[PDB]
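Numbering (mature numbering (1 follows the signal peptide of the UniProt record, and there is no 0)), first residue to last: 12 to 47.
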């Protein structure tokens with residue numbers, strides 16, 4: 012979720028992750044990815 016994602020330094024993104032991150036969980040009622 013957004014809380015776990017961002018509190019760890021991840022981003023909640025609806026599309027592909029930026030360099031040096033990958034999908035690890037979700038955000039926003041499961042509709043976005045957590046990229047970290």
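Backbone N, C-alpha and C define an ideal beta-carbon position, used for all residues, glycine too.
DSSP three-state assignment for residue i, whether helix, strand or coil
i: residue 23; result: strand
i: residue 28; result: coil
Per DSSP, the bridge partner or partners of residue i
i: residue 44; result: 24 and 37
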